[PDB]
Amino acid sequence: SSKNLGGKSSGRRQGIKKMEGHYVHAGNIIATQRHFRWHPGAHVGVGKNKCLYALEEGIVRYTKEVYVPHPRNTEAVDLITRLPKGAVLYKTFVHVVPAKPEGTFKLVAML
Amino acid sequence: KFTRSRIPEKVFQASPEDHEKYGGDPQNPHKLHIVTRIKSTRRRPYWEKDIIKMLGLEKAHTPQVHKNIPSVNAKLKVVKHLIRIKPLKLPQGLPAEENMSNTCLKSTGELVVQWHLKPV
Amino acid sequence: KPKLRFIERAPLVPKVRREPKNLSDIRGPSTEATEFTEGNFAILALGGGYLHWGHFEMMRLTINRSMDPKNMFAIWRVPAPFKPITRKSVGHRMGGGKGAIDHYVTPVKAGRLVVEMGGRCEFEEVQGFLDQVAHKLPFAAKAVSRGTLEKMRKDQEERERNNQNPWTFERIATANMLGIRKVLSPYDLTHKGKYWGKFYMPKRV
RNA sequence: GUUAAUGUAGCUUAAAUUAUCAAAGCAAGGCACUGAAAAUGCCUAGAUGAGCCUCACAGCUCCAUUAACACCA
RNA sequence: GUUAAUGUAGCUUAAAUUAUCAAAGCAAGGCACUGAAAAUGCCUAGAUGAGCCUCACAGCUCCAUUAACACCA
RNA sequence: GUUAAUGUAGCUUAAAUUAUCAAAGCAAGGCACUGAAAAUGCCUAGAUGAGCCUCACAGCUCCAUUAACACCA
RNA sequence: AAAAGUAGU
RNA sequence: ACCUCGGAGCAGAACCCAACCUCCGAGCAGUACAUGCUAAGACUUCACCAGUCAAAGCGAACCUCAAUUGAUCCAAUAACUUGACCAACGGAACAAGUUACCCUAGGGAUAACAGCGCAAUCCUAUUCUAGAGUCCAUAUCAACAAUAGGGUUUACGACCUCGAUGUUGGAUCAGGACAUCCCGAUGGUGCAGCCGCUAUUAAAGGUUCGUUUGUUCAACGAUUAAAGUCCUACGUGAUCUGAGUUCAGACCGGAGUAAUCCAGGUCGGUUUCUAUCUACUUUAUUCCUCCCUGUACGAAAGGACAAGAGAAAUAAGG
RNA sequence: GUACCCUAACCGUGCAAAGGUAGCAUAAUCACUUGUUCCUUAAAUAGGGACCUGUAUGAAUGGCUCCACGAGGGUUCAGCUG
RNA sequence: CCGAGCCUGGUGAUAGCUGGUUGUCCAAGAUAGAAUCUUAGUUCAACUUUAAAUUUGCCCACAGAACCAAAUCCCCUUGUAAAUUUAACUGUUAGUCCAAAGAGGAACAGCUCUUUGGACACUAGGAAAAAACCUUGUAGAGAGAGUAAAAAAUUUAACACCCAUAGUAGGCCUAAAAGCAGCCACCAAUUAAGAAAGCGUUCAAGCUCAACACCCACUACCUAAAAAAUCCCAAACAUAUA
Ligand SMILES: [Mg+2]
Ligand SMILES: [Mg+2]
Ligand SMILES: [Mg+2]
Ligand SMILES: [Mg+2]
Ligand SMILES: [Mg+2]
Ligand SMILES: [Mg+2]
Ligand SMILES: [Mg+2]
Ligand SMILES: [Mg+2]
Ligand SMILES: [Mg+2]
Ligand SMILES: [Mg+2]
Ligand SMILES: [Mg+2]
Ligand SMILES: [Mg+2]
Ligand SMILES: [Mg+2]
Ligand SMILES: [Mg+2]
Ligand SMILES: [Mg+2]
Ligand SMILES: [Mg+2]
Ligand SMILES: [Mg+2]
Ligand SMILES: [Mg+2]
Ligand SMILES: [Mg+2]
Ligand SMILES: [Mg+2]
Ligand SMILES: [Mg+2]
Ligand SMILES: [Mg+2]
Ligand SMILES: [Mg+2]
Ligand SMILES: [Mg+2]
Ligand SMILES: [Mg+2]
Ligand SMILES: [Mg+2]
Ligand SMILES: [Mg+2]
Ligand SMILES: [Mg+2]
Ligand SMILES: [Mg+2]
C-alpha cells in the first residue's frame, strides 16, 4: 500500500557559506537560505532567492540590529502595529566591513 | 550518537582538600609535564588517535615533556585517560651544557643532573 | 462525586496521523506531575511504562469498589490515553508501510504519581488496596503518602552524603574518566547513573 | 480445538437511541347471520447480571447456534 | 488480507451541472362498487464532512453492498 | 501539427438578394377520454465584430463542430 | 376498436 | 503498490543522511513586454549533465510563486524558434503472453523441507482478590491485570546447505522428557459409602483391535487397568512402502482471443547403492475370581477397603 | 414486494443479441462437504437409489438412457488362500 | 540424449555467469554517494597507490551562525608534520557485529534501515571454546624482566496472654431484619468494653477484636517459586598475614 509518496527530495545545501571574520570578496555568496534567516546588512546585497552576496571586499561580520520594515511591506507593518510600545523586533544581520580603501592618488606627471 | 565530549571546567579546579592528597602548591605551579601513555590508542576514536601522534606518545611507557600551558592542556584534557601526568620536578637546576651529558629521569619524575652509578 | 471517572478508550477526536513510537516518553524521572495536588495518599510509579485501557479499568474497578464515597475521594493524575499504537495484521511479512491505529496508550515516566487519593482516612487504612492495585500496574509501583514519600527522598539525599565510596557515577560520566562516554548515553549524563532504559534502580545512589 | 456473527409481543420483520404491525387470540364498529375490510386495547426481562453515563443501545459475565476453520506443500 | 466499481422519490431507471417518466402511495371525478383508464398534486439530506470557486456534481473525509485476486514448491 | 467543408423556429434540407414546410410546442376546433390527418396562428439573432454598398449573399476576425492527411527521436 | 371482476347457504 | 520534481518530520543547533517510514503538494496560473545586451566574483542537490545568484558597464525607464519539468540525434522553419504522460520522468527510434515439454549459466547473495534466532499467536505456573460455588474468593472454576517459564503451533527473519541436507502418512525398531492416561504412595474436598474433582511425589512397567479416508487427525463399533502429552532432521526411505503430493498423458468446472493456467477435483505415472570409517551385535507387572459378606457405610437403592486363597494375560528366559 | 412456508403462481421496474429451454444433478463437474435421507456395514470421508444452490451442469465444446465390450477406475456376495 | 536430427564449416560464437591463474622479498593500502532495462554490472565522485611542485594542513579560543539535547561549523595561539595542486592509473563501489541517538516490526529476532564512533575481515593475550567485547598493535634472536586485560556473588516469613457486664429486641421501613441487608445519631453505667471491626446466623443466639485489670514486654530480622526431551558436568576448597 504505502499511501505516502514524494518524500524523496534532497537537502538543498542552504547555509552560511562564509562564517564571521572570513575574508570575503566582491561577489561571493555569503549565505544561502529560504524563509529569511539572516537579513542583509552593511555592504551585503540580496538575490531573488534570498541569497546574501557581498558587494565590497572585506571581512564578514554578524550582528543583532533593530528591525524596521518598509512601509509598503504590508505583511510586516501590520506585524509592527500589534506590539506593545516598549517593544522592538531585532533581527540578525550580516555585514561586510571593507578592507581595501577606495584608492590612493598617484603622481603621473610632473608636467 | 557518540561524539567528542566537552568536559565541564568545574572539574579542573582542585579542591582545598585536593592539595593535601598530592604534593603541589597552587601558587608557583610547575614548568613542564611528564606525559606517559599507559593505555592503547586502539578501540578509541580517531580524534584520540590523532592527538597521541602529536604529543610524541606513539610508544607506550615512554615519557615526554610538554609545557604546562593551556594549549597543551587542551590536547591533554581530551586524551587524559590514555596518559599519566606527573610534574617534572627538578631537584637541582636546569642542566647546563657541561652538565647535560649525564642526566636521568628517575621515575618519581626528578630530572637529576648528576648520574654516576656509585652508591651513596 | 468522589469517584474516578470513566476514562475511556480511543479519544473522540481521533489521531489520523500515525505517530512514530518514541521511547523517550518512558525514560528517566518525570517532568510532569511528581508532587501532590490536594490529596494525601497516592500510587507512585517507580518505573516507566505505558498504560492500556485495560489498565485503567483495573484501577477504576478496584479503587471504586473498595473506597467509601462518604469519607474518601479520588482523582486521576495521568492524562487520557492519547498516544496511538499501530498493529500490523496477524501473519504479515515485513515492509509494506505502517498498520492501522489499533489502540491507545498513555506514557508514564518513573517518579510520577498516577492516582491521588485522600479524605478522612489514613495511610495504614488505604495500604489495603493501593498495594493491591500497584502490583497489577505494568511497572514497578508502590503506594505512597504525602509523608511516607518525603521520607524516601530524605534518604535519597542522604545516600548522596553518607557514602564513602569515593567515586560516584556523576563524577565519572561528567568528567569522562575511563573514556566511559564511549559506553554511556547522553541521557545518562543527565539522568544520573540510576535509570537504565525503562527501569529505575532506587537501591543505588 | 479455533474466531467472528446472531439470540424479541406467540409468530415474524424492523425502528441503525427515543421501542412500530401483521398475525394467534380480546371485545366494540357495520350486516338478518357470518366472512372480508376498517377502530383500538393487549402482549416486547430487548438471549443472560454489576452498571462506567442512562442503554438493542457497550466492554464483559454468561446459556445455545450458523458459518468459517485446524487442509497443506 | 489486497485491487476496481456503486451508493437516488417508499421501488427501480436516468439526466454529463439545472434531477425527469414509470410504478407505488394521496385526494377527486367516470362506474351501482372496485379495478383498468382520464385530470391532478406530493416524493429523492442525490451514501459520507469541510470548503480553493458554485457541487449527484470534483478531489478527497467516511460506513455499507458487489465483483475479480488470496498463487510456486 | 496542416488543409477542406459547415453552423438556423428544437430537430432535417434550400432558394443565386427578395428567407419556403413537416415534426416538436401552444390553443380552441369534437365526441363518454388517448393518436394520426388537416389546418390557422406561433418560434427563422440566417454561427460571429464591423462594413467597400444593401448581404444566406463577401475579403478579413475568430467561437467552435466534422472530413482528407502528416511527427519520430 | 377497447369491458376484467362482483363471498357462503 | 511505486518510478520525476518540491515543503515538512525522523535528521532538535554548519552542510549532508535511508526506508514498500510518517504527512502535504506540483506537471501551472498571473502581471508585464528592457522577461534588452554584456560581464568581475561565487553557490551547487554529494560525480557529470544540469540547475542557481550577481557588482560594475552599454542601453531604457525614473517580476509574484515551492515544485510548476525532459538531454542528444532527428524533424518542421528563410530566420528567430518550436516539437515527447520520451511519467519506466539521465530518455533504447519502433517489440506482449506462455512454458508442467522446457534448456543453459549461476545462486543458499534468494524462497519451499529441515536446523537456528525470536516468541506476537500457542502452552503452563504463580501473584491479585472481581465474580461464579444457596452462604462462602482459595472443594472446584475464574475477570481485569502482573511476574516468570517452556519452545509442541501459526508466523516472522533469511544465518548453514541449490558442484542436491530426498518430501507426507504407514511398516520396522525405537531412545528420551514428565507438564502422569494407567499401576503405586500421600494431602484437601461442596469426600456418608461407591465413583469422583483437585494437588504433591513417582517415568522402573504398560498404553487395544477394527469400518471409512493417502491420511496425521477425526467420526464410529467393540473392549480395556489405561487406550498419555510431546521431542528425537514434523526420530527412522545407503531398512521398506508410494496411497497422496511434486514432472511428462488425460478429462471436468472456471480464467484467458489462444498457447496455457488453477492450495480445485479425478484416473495413470522408473524409489539406485557391492559398507572404507565411527557406532553397535546374549544382564516382571497387571487384571479377574473366591474369601472377608452381601460385613465398614447408609435409612435404602448402592456398597468398600485391608489380610488370605487361586486363576489367567502379557513380557523376559528356556 | 405480496396472498401464505416468508416462498413465488403474480405485480412494478431496468439492461440484453438472447436471458440457460429439454434432460440430468452434490457428478471425473471451484468451494462448502463427511449435503440430507433409504439400502449395504457391529461400525461406511467408500459404494448404490433418490431429494436439488449446478448462482461455476447443460444439449455434435454434443445432452440423457441402453445391449454388448474393456490387462480402464471404484463397490460387493461367495469361495479360496502364509 | 528430437519443443526440432546429425556431421562439418562460420568458431578460439558470446557469456555483467562459475571455476582456474605458476619464482623470492619488502613497502603503502578497507568500501560518503550519484546515474543506469540498473541494483550479480559499469561510468563519474570518494578512498587508495606512484612520480612531482608548492605552502600550509590537522589540533583549535575569544568573538560569531532564526524565527516559528549529545554535539557540530568557523577559528588565532599551540602541539605537530602533513596538506593542496599537477601528472598517470588500476581496484573497492553485494559488508558484519558492539556502544549511542533513532525509524520499521512485537518498545521480537544472530531482523531491516539511517547517522556518530569503534572493532572485524592484520598479528597477539583474555572473556571456556569464540570475528565483531576488553587489553594490545611496526614485526628478529633470548632458557632475562615489569606489566596490561583478565576467575560472580547470593538463602529468606514463629507469635501477644488473659478477659468481656450491661439503658437495648439503639429509632425508620421492613414476613424479619436485636452491633453485624439498608438509612440516620453516634448518646451511656460501673474502673472497663465501639450504638460495634471480622466470621456465624430467616432472625435471635453463639466466637473473636477494640477495654479494664495483667506484667518482663512485644521479644517485632518487613523479606520474595520452579519445567524438558542422549549424559550432571573441571576436580575441589570457609581459617598463616597485598
Ligand atoms: Mg526531506
Ligand atoms: Mg534522498
Ligand atoms: Mg558540486
Ligand atoms: Mg545591474
Ligand atoms: Mg530510465
Ligand atoms: Mg531513470
Ligand atoms: Mg499436462
Ligand atoms: Mg501438452
Ligand atoms: Mg540448471
Ligand atoms: Mg523455515
Ligand atoms: Mg460469592
Ligand atoms: Mg542465507
Ligand atoms: Mg541481511
Ligand atoms: Mg539447498
Ligand atoms: Mg558435495
Ligand atoms: Mg512429577
Ligand atoms: Mg521425518
Ligand atoms: Mg538414513
Ligand atoms: Mg495400469
Ligand atoms: Mg533401497
Ligand atoms: Mg569417519
Ligand atoms: Mg464439487
Ligand atoms: Mg482393446
Ligand atoms: Mg570465452
Ligand atoms: Mg550483472
Ligand atoms: Mg604494511
Ligand atoms: Mg536488471
Ligand atoms: Mg543484522
Ligand atoms: Mg463467648
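In this analysis, Cβ positions are derived from the backbone assuming ideal geometry, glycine residues included, and neighbour counts consider all displayed protein chains. A short reminder: the numbers here are calculations on the coordinates, not readings from a lab.
Descriptive notes on the structure:
- Selection of segment C:151-182 for residues being surrounded by 12 or more Cβ atoms within 10 Å (Cβ to Cβ) and within 21 Å of C:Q127 (Cα to Cα) yields only C:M152.
- Single unsatisfied condition, C:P84 versus (1) farther than 30 Å from A:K3 by Cβ; (2) within 15 Å of RNA strand J (Cβ to nearest atom); (3) buried (at least 19 other Cβ atoms within 10 Å of the Cβ): (1)
- Candidate set: segment A:80-108, residues that are in contact with a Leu (Cβ under 8 Å, 6 or more places away or on another chain) and over 21 Å from A:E56 (Cβ atoms); chosen: the one surrounded by the most Cβ atoms within 10 Å (Cβ to Cβ): A:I80
- Near pairs, Cβ below 7 angstrom, 6+ apart or cross-chain, from segment A:1-14 (under 19 Å from A:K50 (Cβ atoms)) to any residue that is away from RNA strand D (no atom under 16 Å from the Cβ): A:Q14/A:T32; A:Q14/A:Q33; A:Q14/A:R34
- Test: C:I7 is outside any strand (DSSP E or B), more than 16 Å from ligand 1 (Cβ to nearest atom), within 16 Å of C:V133 (Cβ to Cβ) and away from every other protein chain (no Cβ under 14 Å): yes
- Residue match in segment A:76-84 (condition: near RNA strand H (Cβ under 8 Å from one of its atoms), over 30 Å from C:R17 (Cβ atoms) and assigned to a loop (DSSP other than H, G, I, E, B)): no
- When B:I38, B:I7 are screened for being touching a residue at least 12 places away in the same chain (Cβ under 8 Å), within 30 Å of C:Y187 (Cβ to Cβ) and within 14 Å of another protein chain (Cβ to nearest Cβ), only B:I7 passes.
- A single entry from C:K142, C:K136, C:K98 fulfils the requirement of being within 14 Å of chain A (Cβ to nearest Cβ), more than 30 Å from B:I7 (Cβ to Cβ) and not in a helix (DSSP H, G or I): C:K98.
- Looking at C:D102, C:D131, just one residue is within 12 Å of RNA strand J (Cβ to nearest atom), of a type in the set (D, E) and farther than 18 Å from C:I7 by Cα, and that residue is C:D131.
- Failed condition for A:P40, given (1) without any contact (Cβ under 8 Å) to a residue 40 or more places away in the chain; (2) more than 30 Å from C:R93 (Cα to Cα): (1)
- Residue match in segment A:79-92 (condition: closer than 17 Å to A:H22 by Cβ and touching a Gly at 6+ places or on another chain (Cβ under 7 Å)): no
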